[PDB]
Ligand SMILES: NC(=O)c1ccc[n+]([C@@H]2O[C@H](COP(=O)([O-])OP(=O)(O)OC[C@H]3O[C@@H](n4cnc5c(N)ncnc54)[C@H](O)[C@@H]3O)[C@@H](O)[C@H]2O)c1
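In structure tokens, one chain follows: the form deposited without this ligand.
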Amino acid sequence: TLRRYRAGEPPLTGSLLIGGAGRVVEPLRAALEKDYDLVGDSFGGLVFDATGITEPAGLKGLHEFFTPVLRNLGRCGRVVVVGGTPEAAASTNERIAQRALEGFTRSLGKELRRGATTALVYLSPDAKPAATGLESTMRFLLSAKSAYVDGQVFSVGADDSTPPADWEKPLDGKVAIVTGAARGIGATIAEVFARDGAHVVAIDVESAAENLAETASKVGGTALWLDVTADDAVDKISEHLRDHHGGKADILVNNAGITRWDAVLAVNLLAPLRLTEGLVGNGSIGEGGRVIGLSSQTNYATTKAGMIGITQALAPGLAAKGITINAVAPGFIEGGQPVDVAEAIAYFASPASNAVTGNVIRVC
């Protein structure tokens, strides 16, 4: 039975080794030293900086680092390889080697103890030497919050970051809109956001009735009964933000909720796109904003791909306004659990995740 996050428990099940050569090892060692049991004999985390590998021949560096240590990696352990964005390498030799990283981290998992995970994080070569924009990703990965995120690839760009005042309350003071919020993952996302100190606007359909009122109260948020596919949805959300939150939201989570071709397109693709375009277009979501999509056969497979489309298409335009857009694509859930999906969303929602945009991650 897998480790999920709690309280003032330590982030890892044991010590944390950071190795490799490159531009990430020192900044990370300095950044993670206070909160993690850092080393120079039973490991909770293994981090290899692969940024210094500039040719395929150098790929043996991976083998040389992990082989002596993998076996001593604990249950529910973390392995992270950090490389540089291959599209942006300085030589074709470097692009090949950094691309090859993905193969290594995704097959290593089959050698690991139960519940242990692996992850690949790419960092812009244009990120500044302190690598602040990387921190929220590492903390998410090196913690129990990321229990069911495995074999994934995270792409961090170039901007600097600022830690939240408190990494145990990273969403402290933020306003989050969550749709499909009465039951299911939606209700859980709302709960995890509140735990992290956000004020949640819980949105669902009018027939959710009391259930929605219930979620709002449990999370200390507010309820907004509304059909997100109606013409006036943007306007109604804005009005609610004017009354309860001085006209502004920080986070929009587009979750369809469980509460024909055209109905599926309208709910899982058209509506969330409209919501995003409108709430951004009118300034309700401004600098520091976070949009996070959550997918979930020909109907749905198209809207799931559509959601990936939104996330990639809107990222450039949105980054120029200081806003990130990301998505989570969950697997088999009712094994994997909702809290797990919610953590991933909360990781993107982080004010310290400003250098994470255009990403799509699978959970379970």
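Rigid core (definition): largest C-alpha set, two forms, superposition within 1.5 Å. Numbering starts at 1 and follows the sequence shown. Residues that one form lacks are left out of the comparison.
- Unmodelled stretch separating residue 334 from residue 335: 10 or more residues (count of deposited-sequence residues without coordinates).
- Per-stretch averaging of Cα B factors for 213 to 221 and 142 to 150 places 213 to 221 on top.
- The deposited model assigns a higher average Cα B-factor to 200 to 208 than to the other stretch when 156 to 164 and 200 to 208 are compared.
- Reading the B-factor column for the CA atoms of 89, 119, 263, 253 in the entry, the top value corresponds to 263.
- When the modelled residues of the chain are ordered by their C-alpha B factor, residue 103 lands in the middle third.
- Sort the modelled residues of the chain by CA B factor and residue 9 lands in the highest third.
- Sort the modelled residues of the chain by CA B factor and residue 269 lands in the middle third.
- Annotation for residue 306: C-alpha temperature factor in the lowest third relative to the rest of the modelled chain, per the entry.
- In the deposited entry, the Cα temperature factor of residue 57 places it in the highest third of its chain's modelled residues.
One more form of this protein, solved in complex with this ligand, exists but is not displayed; see below.
- Steric access to the site is blocked in the shown form: after superposition of the site C-alphas, this ligand as positioned in the deposited bound form has three or more atoms within 2.4 Å of backbone or C-beta atoms.
- Taking non-hydrogen atoms only, residue 205 approaches this ligand to within 4.5 angstroms in the deposited bound form.
- Residue contact with this ligand in the deposited bound form: residue 183 places a heavy atom within 4.5 Å of it.
- The closest heavy atom approach of residue 277 to this ligand in the deposited bound form falls outside 4.5 Å.
- Interface residue remark: residue 229 is counted as part of the site for this ligand in the deposited bound form, having a heavy atom within 4.5 Å.
- Stretch 174 to 182 is the contacting one of 284 to 292, 95 to 103, 240 to 248, 174 to 182, since its residues have non-hydrogen atoms within 4.5 Å of this ligand in the deposited bound form.
- In summary, among the residues 322, 335, 316, 331, the only one with a non-hydrogen atom within 4.5 Å of this ligand in the deposited bound form is 331.
- Taken together, the three residues 76, 139 and 146 lack any non-hydrogen atom within 4.5 angstroms of this ligand in the deposited bound form.
- Of the residues in 299 to 317, those that come within 4.5 Å of this ligand in the deposited bound form through at least one heavy atom are, in sequence order, 300, 304.
- Core-superposed difference between the shown form and the other one: one segment of three or more residues with every CA shifted 2 Å or more, namely 257 to 259.
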